[PDB]
Amino acid sequence: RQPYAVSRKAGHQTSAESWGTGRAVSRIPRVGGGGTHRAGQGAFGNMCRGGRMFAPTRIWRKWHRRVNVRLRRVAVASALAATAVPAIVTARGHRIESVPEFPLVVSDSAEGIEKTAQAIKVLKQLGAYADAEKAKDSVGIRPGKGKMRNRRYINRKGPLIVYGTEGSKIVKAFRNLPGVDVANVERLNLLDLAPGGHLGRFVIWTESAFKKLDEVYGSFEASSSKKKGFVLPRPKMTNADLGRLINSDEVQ
Amino acid sequence: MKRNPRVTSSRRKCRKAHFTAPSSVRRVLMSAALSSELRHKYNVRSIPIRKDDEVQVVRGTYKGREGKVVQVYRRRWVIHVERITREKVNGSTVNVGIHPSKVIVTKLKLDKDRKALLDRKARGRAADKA
RNA sequence: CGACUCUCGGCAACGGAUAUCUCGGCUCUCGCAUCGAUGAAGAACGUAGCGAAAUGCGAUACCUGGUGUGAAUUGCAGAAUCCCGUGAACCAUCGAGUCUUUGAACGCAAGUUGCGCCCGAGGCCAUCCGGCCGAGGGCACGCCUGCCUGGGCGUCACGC
RNA sequence: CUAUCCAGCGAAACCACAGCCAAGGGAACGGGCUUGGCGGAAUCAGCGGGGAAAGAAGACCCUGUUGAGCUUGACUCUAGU
RNA sequence: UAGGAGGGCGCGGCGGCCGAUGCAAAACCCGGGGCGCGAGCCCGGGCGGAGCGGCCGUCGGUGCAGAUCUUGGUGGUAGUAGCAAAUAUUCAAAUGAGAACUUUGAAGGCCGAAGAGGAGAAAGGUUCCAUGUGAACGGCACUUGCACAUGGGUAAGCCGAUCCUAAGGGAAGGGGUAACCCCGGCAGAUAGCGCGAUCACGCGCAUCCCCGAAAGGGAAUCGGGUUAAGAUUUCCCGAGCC
RNA sequence: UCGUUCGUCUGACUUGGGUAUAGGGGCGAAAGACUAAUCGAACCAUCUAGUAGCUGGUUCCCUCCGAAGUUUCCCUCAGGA
RNA sequence: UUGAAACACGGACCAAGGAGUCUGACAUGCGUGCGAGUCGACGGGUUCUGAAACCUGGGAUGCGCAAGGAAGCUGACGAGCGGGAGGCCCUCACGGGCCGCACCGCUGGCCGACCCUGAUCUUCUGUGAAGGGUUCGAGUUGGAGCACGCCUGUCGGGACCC
RNA sequence: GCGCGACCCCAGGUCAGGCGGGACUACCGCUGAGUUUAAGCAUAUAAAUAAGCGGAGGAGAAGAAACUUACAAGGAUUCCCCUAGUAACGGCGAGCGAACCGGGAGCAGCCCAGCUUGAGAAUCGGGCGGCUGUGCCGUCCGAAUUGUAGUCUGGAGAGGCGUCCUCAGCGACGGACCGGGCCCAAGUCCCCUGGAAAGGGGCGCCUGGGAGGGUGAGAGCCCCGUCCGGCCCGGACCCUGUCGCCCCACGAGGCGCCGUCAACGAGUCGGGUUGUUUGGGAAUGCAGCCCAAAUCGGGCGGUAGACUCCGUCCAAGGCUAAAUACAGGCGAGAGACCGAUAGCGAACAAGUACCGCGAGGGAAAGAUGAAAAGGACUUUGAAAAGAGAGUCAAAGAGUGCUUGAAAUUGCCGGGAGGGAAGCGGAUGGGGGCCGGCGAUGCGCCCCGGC
Ligand SMILES: [Mg+2]
Ligand SMILES: [Mg+2]
Ligand SMILES: [Mg+2]
Ligand SMILES: [Mg+2]
Ligand SMILES: [Mg+2]
Ligand SMILES: [Mg+2]
Ligand SMILES: [Mg+2]
Ligand SMILES: [Mg+2]
Ligand SMILES: [Mg+2]
Ligand SMILES: [Mg+2]
Ligand SMILES: [Mg+2]
Ligand SMILES: [Mg+2]
Ligand SMILES: [Mg+2]
Ligand SMILES: [Mg+2]
Ligand SMILES: [Mg+2]
Ligand SMILES: [Mg+2]
Ligand SMILES: [Mg+2]
Ligand SMILES: [Mg+2]
Ligand SMILES: [Mg+2]
Ligand SMILES: [Mg+2]
Ligand SMILES: [Mg+2]
Ligand SMILES: [Mg+2]
Ligand SMILES: [Mg+2]
Ligand SMILES: [Mg+2]
Ligand SMILES: [Mg+2]
Ligand SMILES: [Mg+2]
Ligand SMILES: [Mg+2]
Ligand SMILES: [Mg+2]
Ligand SMILES: [Mg+2]
Ligand SMILES: [Mg+2]
Ligand SMILES: [Mg+2]
Ligand SMILES: [Mg+2]
Ligand SMILES: [Mg+2]
Ligand SMILES: [Mg+2]
Ligand SMILES: [Mg+2]
Ligand SMILES: [Mg+2]
Ligand SMILES: [Mg+2]
Ligand SMILES: [Mg+2]
Ligand SMILES: [Mg+2]
Ligand SMILES: [Mg+2]
Ligand SMILES: [Mg+2]
Ligand SMILES: [Mg+2]
Ligand SMILES: [Mg+2]
Ligand SMILES: [Mg+2]
Ligand SMILES: [Mg+2]
Ligand SMILES: [Mg+2]
Ligand SMILES: [Mg+2]
Ligand SMILES: [Mg+2]
Ligand SMILES: [Mg+2]
Ligand SMILES: [Mg+2]
Ligand SMILES: [Mg+2]
Ligand SMILES: [Mg+2]
Ligand SMILES: [Mg+2]
Ligand SMILES: [Mg+2]
Ligand SMILES: [Mg+2]
Ligand SMILES: [Mg+2]
Ligand SMILES: [Mg+2]
Ligand SMILES: [Mg+2]
Ligand SMILES: [Mg+2]
Ligand SMILES: [Mg+2]
Ligand SMILES: [Mg+2]
Ligand SMILES: [Mg+2]
Ligand SMILES: [Mg+2]
Ligand SMILES: [Mg+2]
Ligand SMILES: [Mg+2]
Ligand SMILES: [Mg+2]
Ligand SMILES: [Mg+2]
Ligand SMILES: [Mg+2]
């Protein structure tokens, strides 16, 4: 965020002083002198046309909040773990009905392309060009006071291509696609991996990235990871299939 | 998408920089696209319109009407071309404004400096075609 | 039935809310350091073919010169060679220019366009080869370094 | 000369909603409640009983752990001398 | 009731999702039909002519009947109170679409000269004069005007200011002050030097700067003409004066 | 402010202009009078959104639970723990 | 307000504006991450839409893990009872037995203040086998906390508005 | 009846120069309140602030220990973090409150006066002249012996010695940062609605360019741009990169040996007392007054004092980038910000009209339409205007004109009224209104084809 707040000196650039009791009018500070309509008009109030607002906002609100670094890591791991599910990627809204397999992976020869014609050619082989098309045809002008504050156009979200090999060129090829994002795998970003707070951004991995996920995140082992002080969260149930629980021999 | 961190991307400032343009900026804002055969001839897409150009409107209620430019009137963001007129209630004839991006330059007033201009624009386009 | 009073419904008023806007504000962040005795900020008066204000500018007065761009300005009227170019423009930009009265403001003042002194391009006649009208330019205060003219038995020497 | 009527013109204070009363009850003196009296459109000019009428967040009185002017034998200081 | 907690309705954004939209969006109106115990919501009709919703998460300048609340508007009041001092107006005519209000003439009265007359100082600033005028203003009215528009107008050797000083003010040197500022007789090679003289030099230097009066002091002007508006003496003719 | 009626009117008289004194200061034939409709301490801006145990207001629905004016202490009784 | 329709105050009418917010410290309740640790908050590297994101350091930064004393200083030598959730055994079962978390109550030990006490050993004023205490601690014999978020409350801030 | 030199001091419209004022964000110095809190209030707090008076720069101030520490010690200045709401301080009440250590940002040290040319002012300035012009040179005058220059600054240093080791400039082409300009992908292809296609439908294309704006409605492709960079011009440059010619010394420095020297800042420190200030407490700073120094010496070690020992530094002279700040100035960029009673007081000829003698106070006021295409003309009218007419998609969008609410008013139609009206619960009578307001289908069964 950027801090917003009304100017400190608002409403107080008038030297008004109340009329006090005995003038058949309210006791609120009133503007002195004469010759204008301004004389006699209340000031300094929140209630008055031309005064402050109640508790004027100040720049020292809490614009940024902190979250435990391990809790960011937990959240991003559970953002990844939800994408590997076709059902939640679908429920999150993406059009995945011709995509061949989840979690989807392409060869590393994808890394070498340059143009967005090539990028669309690539997404044809995968099943995600339907999703890019959704993103591109959904584009519209943002309703409300947003359409005048430098946020004219909104859209939907498309496939987030994740690479691993730094310095390559698809980062500049997938850029012009609306909705379609590109993220390196070292620094996966939660704003990408789960927009809106909802689970399951439809992610398209290249082989180079996918084969170094485990070298980044590690396992249920101390110091497995590239990230110090973190082991993958373990759930509160190993297998949450209430079917087999409530229907297995032991329980029944 | 925008990368130069000295160019504005704000609605307020872009509208300001547009509507408060001097004459030398409104010249370049007052450009029209050359017609098909003329684009093939000069290998450029658009050019700032002149005094003595022959244009052919394409999108107003005056489509397909051709005429020489008679008045490029930078203050109302309009142009007036020959005979593209309407009649007032009292019967006089007055030109109606056609916005320069809604015409095509059918004939081009090849002044020497327009010739040099088309040379530089065409070589610029061809150094990226090649 | 009719008038009046209350009222309901349709239209018309009164009025400027609501909705859509926005060359504006506010906030945050960033880059540079650039006023003045070589006359500044501020103030005043002028200045356009038709302007009062705002915006410019200073008797060269909505500008001059350069350079860049490359054909306009424009509410109207008018000169326009201003057109394959020493070249339009309420154009951009900045080096060449001008910059009235004021103002720290500086000759003395100031409800004063008040009152002085000095120099002087030019010209007239000759009371001489001098005087008069001059265009312009000067005259503040405290100070620094140097120079000129001086004062005091302050300390002296050398002398009448 | 007004006031009255007429042509021209044309405000403001005030206004919860309004405006007939007797007795009772009630925040112990009702236009509204209860019980009775009665009660007939619309208007004109007054008048001064009522509206505990308007004007003014009572000045009298008290509370304030609010002030201010002034005094002194209040408390603490200070110019001066 | 005070008070507490839970679930919801509504407003404006942000991250996502679902869409509506010139075959008509938003907003607003209705004696329209419903849904909900309720906040509210859904649909129809109309005007309106460009943008808008619903859901999950999340946030905030979020819900009005009061505050002698702020601002704006509008009522009754009310065509009502009222337009009343300064004696006074009337008749023909004329212009004009229209006359109590303009203009002319006859009349009748008032100011009655310490005036409701003729000039100025201050202060105002073009109100002065002409031509015209749709509005507004002239608390009625208007052909009218001190209103509106376009033009015009203010002439000095003699009238003034300018010059001098009064009460009194500012100040250079000096003294004070943290500095702005404050003190002027404190006496300092005093601010100024002056006068004859240059074909140069001599003499004196007192009590020593500036400001301060359009009523105090004061170089000098009178008469007759004249313009729509200037002048008595500013212009013109004559006659003077410093 | 207006009307009739009144005080004084050669005087410590009436008055124009210039000038002097500017706020806890001025000026007062003395009334706390006057110092620009403001004076028992002017006006203006700032500290300043001063403080208030005191008065007034404190904006949407349903659901459910739902009291106290009592003890003790406080310059404490219009308040608070 | 004990009592309002009041002869108690405000209110002519409409439209819009209009009043518990934001910040620092703390506290309880709840959620989430990790858990004797937890915080990455000041910095650095990276970041091709980014004031975002991601990585890094801490081997001692804060809080916590140890308290008592005013200070010199000393600093936890290892818990039993009553009742109890629930599990297990016996019985055909009724009924009984055993293990018994949390929690409540009870009685003690250990560390420190203060007092008391003195075998031994030593650098002669130190140690402290033994034994203590109608006293005291915000202790111990239970590791439970760190971080962020939210509501209520408190306090300072203009601080619900006038 | 003299000529003089110096000292002090004059007047100079003398030659050449430097100073005053302005803006307020931030910075430096002096001055300096009170409302408030303390539930009163009087110290305290508000506050070492607001106001007042001055001074600068682009940052300023500070800055190389007369420092902290008690350690195994560290090593200039500044800012961030923690230290720490802690030690302290305080009617020990309300309250107030830093520092060393450590972690980071950034890091840089220097130069004078003194004893030290005396065979010799070796220094500086001004005038004049010459050139290679921010200077350098020749000459004259002058300042200066009451000391300019040179060496030295405590880490040292001066000397003597030593094999030894270290020293100069100028070109050239660039690179880097700064400003400015020029250019740079792709449909305006066919059909419909429409005033307009930027909308729908079809067929295509660009994309390192789907930021944004313009254009007659939701425009990637009509225009400007945006991505990639390219080309030219001009500045400052004094940072460094590579090439060439010129070769660095008896002078300076370093390193080592020596032992003899070894100078260090005065009404200054320090002390008393007084006022203020502080967290600073038998006194933290600062200031006045009085006292008034030292050279086997001086200041500190957070309790006043004497002594013994210890650790530590050397004041009273000066300069110094970076790290930091920034409601002002010029140039920029974004925003979970306001959308005309909001946001600055001001989106507009806003500090404007207007008010006050004056200090000062200080508003209201945005939008026709795509294009003015702004209503020709006829008729009534004194004219304003009306009724037709015309413009446009629309005027009923008609120059304060997007939409156009409510209170309030007029006409039209209806309803009712014996000193209130309004409201709640019943239905009754009037209206206005609802066809998802209310149905016509299900099985068996016979064809006749599907
Ligand atoms: Mg009243
Ligand atoms: Mg405001
Ligand atoms: Mg009448
Ligand atoms: Mg009665
Ligand atoms: Mg009554
Ligand atoms: Mg009656
Ligand atoms: Mg009556
Ligand atoms: Mg009466
Ligand atoms: Mg009465
Ligand atoms: Mg009364
Ligand atoms: Mg009343
Ligand atoms: Mg009262
Ligand atoms: Mg009391
Ligand atoms: Mg008293
Ligand atoms: Mg006493
Ligand atoms: Mg609010
Ligand atoms: Mg908001
Ligand atoms: Mg209301
Ligand atoms: Mg009347
Ligand atoms: Mg009267
Ligand atoms: Mg007389
Ligand atoms: Mg007269
Ligand atoms: Mg009238
Ligand atoms: Mg006249
Ligand atoms: Mg004079
Ligand atoms: Mg005079
Ligand atoms: Mg006189
Ligand atoms: Mg009288
Ligand atoms: Mg007199
Ligand atoms: Mg007098
Ligand atoms: Mg008075
Ligand atoms: Mg308040
Ligand atoms: Mg107040
Ligand atoms: Mg209480
Ligand atoms: Mg009572
Ligand atoms: Mg009563
Ligand atoms: Mg009363
Ligand atoms: Mg009351
Ligand atoms: Mg009232
Ligand atoms: Mg509202
Ligand atoms: Mg730790
Ligand atoms: Mg137990
Ligand atoms: Mg227990
Ligand atoms: Mg609070
Ligand atoms: Mg108090
Ligand atoms: Mg109090
Ligand atoms: Mg008090
Ligand atoms: Mg303090
Ligand atoms: Mg200040
Ligand atoms: Mg400095
Ligand atoms: Mg702590
Ligand atoms: Mg199309
Ligand atoms: Mg666009
Ligand atoms: Mg293009
Ligand atoms: Mg282009
Ligand atoms: Mg002080
Ligand atoms: Mg002291
Ligand atoms: Mg003391
Ligand atoms: Mg310094
Ligand atoms: Mg406003
Ligand atoms: Mg229409
Ligand atoms: Mg319209
Ligand atoms: Mg429109
Ligand atoms: Mg309208
Ligand atoms: Mg209405
Ligand atoms: Mg009727
Ligand atoms: Mg009823
Ligand atoms: Mg019914």
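Residues numbered from 1 in each chain as written, not as in the entry; some residues may be left out. Chains lettered and ligands numbered in written order. Part of a larger assembly, values for the part shown. Heavy atoms only, no water.

As documented in the archive entry, the model was determined using cryo-EM at 3.4 Å resolution.

Engineer: Would you mind showing me how to read the overall build of chain B here?
Structural biologist: Of regular secondary structure, chain B possesses 4 helices and 8 strands. Starting at the N terminus and ending at the C terminus, chain B contains elements arranged as α-α-β-α-β-β-β-β-β-β-β-α. In terms of principal-axis extent, the alpha carbons of chain B reach across some 55 × 40 × 25 Å. Restricting the contact set of chain B to residue pairs at least 6 apart, pairs at least 24 apart contribute 48%. As presented, chain B carries roughly 9500 Å² of accessible surface, and 49% of it is formed by carbon and sulfur atoms. For chain B, the distance from the average position of its 36 positive side-chain charges to the average position of its 11 negative side-chain charges is 12 Å. (Helix = DSSP H or I, 4+ residues; strand = E, 2+ residues; numbered from the N terminus. Contact = heavy atoms within 4.5 Å. Areas by Shrake-Rupley, 256 points an atom, 1.4 Å probe, with all protein chains shown as cover. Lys, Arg positive; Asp, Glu negative; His and termini not counted. Charge placed at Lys NZ, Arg CZ, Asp CG, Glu CD.)

Engineer: Where do I start with the overall build of chain A in this structure?
Structural biologist: A tally of regular secondary structure across chain A gives 8 helices and 8 strands. The C-alpha radius of gyration computed for chain A amounts to 29 Å, which surpasses the reference 18 Å derived for 252 residues by more than 25%, pointing to a less compact arrangement than a globule. The principal-axis extents of the C-alpha atoms in chain A amount to approximately 85 × 55 × 40 Å. Here chain A, with 252 residues, has 31% of them falling under the buried criterion. Considering only contacts within chain A whose residues lie at least 6 apart along the sequence, 54% involve residues at least 24 apart. For chain A, the exposed surface amounts to about 16900 Å²; the carbon and sulfur share of it is 53%. Across chain A, the centroid of the 45 positively charged side chains sits 21 Å from that of the 20 negatively charged ones. (Rg over C-alpha atoms; globule rule 2.2 N^0.38 Å. Buried < 20%, exposed > 50% of the residue type's maximum accessible area, 1.4 Å probe, protein only.)

Engineer: How should the UniProt feature "domain: KOW" (unreviewed entry) in chain B be read in this particular structure?
Structural biologist: Under the present numbering, the feature "domain: KOW" (unreviewed entry) in UniProt falls on residues 48-75 of chain B. A helix fraction of 0% and a strand fraction of 46% characterise residues 48-75 of chain B, whose end C-alpha atoms lie 15 Å from each other. (UniProt positions renumbered as here; feature names shortened; annotations may be inferred.)

Engineer: Would you mind going over the sheet that holds strand β8 (residues 203-206) of chain A with me for this structure?
Structural biologist: In any sheet, the strands associate via hydrogen bonds between backbone groups, in a parallel or an antiparallel arrangement. Residues and elements named next belong to chain A. Read across the sheet, 4 strands follow the order β3-β8-β6-β7 without closing on themselves; strand pairing throughout is parallel. Where the open sheet ends on each side, the last strands, each with one partner, are β3 (105-106) and β7 (181-184). Direction of pairing for strand β6 (residues 160-163) relative to β7: parallel, over a ladder of 4 bridges. Across the sheet, the residue bridging to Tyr163 is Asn184, located in β7. (Pairing = 2+ DSSP bridges.)

Engineer: In this structure, what is going on with the side chain of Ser31(B)? I would like to understand it.
Structural biologist: All names here are of chain B. In this structure, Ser31 sits in strand β1 (residues 31-34). A distance of 2.9 Å separates a polar side-chain atom of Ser31 from the backbone oxygen of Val28. Excluding residues within four positions of it along the chain, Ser31 makes contact with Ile47, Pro48, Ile49, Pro100 and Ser101. (Polar contact = N/O pair within 3.5 Å; in protein donor to acceptor, adjacent residues only side chain to side chain.)

Engineer: What am I meant to see in the protein's contact with RNA strand G here?
Structural biologist: All names here are of chain A. In the vicinity of RNA strand G lie 38 residues, with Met47, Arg65, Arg66, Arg187 and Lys228 positioned nearest. Taking the atoms of RNA strand G that fall within 4 Å of the protein, sugar and phosphate contribute 80% of them. Interatomic distance of 2.7 Å between a side-chain N/O atom of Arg52 and a phosphate oxygen of RNA strand G. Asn68 places a side-chain nitrogen or oxygen 2.7 Å from a sugar or linking oxygen of RNA strand G. Looking at the surface near RNA strand G element by element, the count peaks at 6 residues for helix α1 (residues 69-83). For the surface near RNA strand G, the residue count by class is 15 nonpolar, 4 polar and 19 charged. (Near = heavy atom within 4 Å. Nonpolar A, V, L, I, M, F, W, Y, C, P; charged D, E, K, R; others polar.)

Engineer: I'm lost on the pattern of salt bridges in this one. Help?
Structural biologist: Residues and elements named next belong to chain A. Summed over the entire model, instances satisfying the criterion amount to 10 salt bridges over all chains. Between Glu207 and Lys211 there is a salt bridge, with its nearest N and O atoms 3.6 Å apart. Looking at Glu207, the relative accessible area reads 33%, which means it is partly exposed. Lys211 sits in the exposed class, given a relative accessible area of 56%. Connected through shared salt-bridge partners, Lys157, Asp181 and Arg201 make up one network. (Salt bridge = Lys/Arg side-chain N within 4 Å of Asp/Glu carboxyl O.)

Engineer: How do you make sense of the environment of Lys13(B) when you look at a structure like this?
Structural biologist: Residues and elements named next belong to chain B. Tracing the backbone through its elements, the reader meets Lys13 in helix α1 (residues 11-19). Judged by its relative accessible area of 54%, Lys13 falls in the exposed class. A sequence separation of 24 residues divides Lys13 from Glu37, and the C-alpha atoms of the two residues are 38 Å apart.

Engineer: What should I look at first to understand the protein's contact with RNA strand F in this one?
Structural biologist: Residues and elements named next belong to chain A. In the region of RNA strand F, the neighbouring residues are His12, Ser15, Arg27, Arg52 and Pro56. Sugar plus phosphate, as a fraction of atoms of RNA strand F within 4 Å of the protein: 54%. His12 is positioned with one of its side-chain polar atoms (N or O) 3.3 Å from a base nitrogen of RNA strand F. Separating a base nitrogen of RNA strand F from a side-chain N or O atom of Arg52 is a distance of 2.7 Å. Its residues assigned to classes, the surface near RNA strand F comprises 1 nonpolar, 2 polar and 2 charged.

Engineer: Explain unusual backbone geometry to me, please; I cannot follow it from the model alone.
Structural biologist: Outside of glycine, negative phi angles account for most residues, and trans bonds account for most peptide bonds. Residues and elements named next belong to chain A. The amide bond that connects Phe102 to the next residue, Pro103, takes the cis arrangement and shows omega of -5°. Along the chain, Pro103 falls in the loop between α2 (86-91) and β3. Non-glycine residue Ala24 carries a positive phi angle of around 60°. For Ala24, a relative accessible area of 87% puts it in the exposed group.

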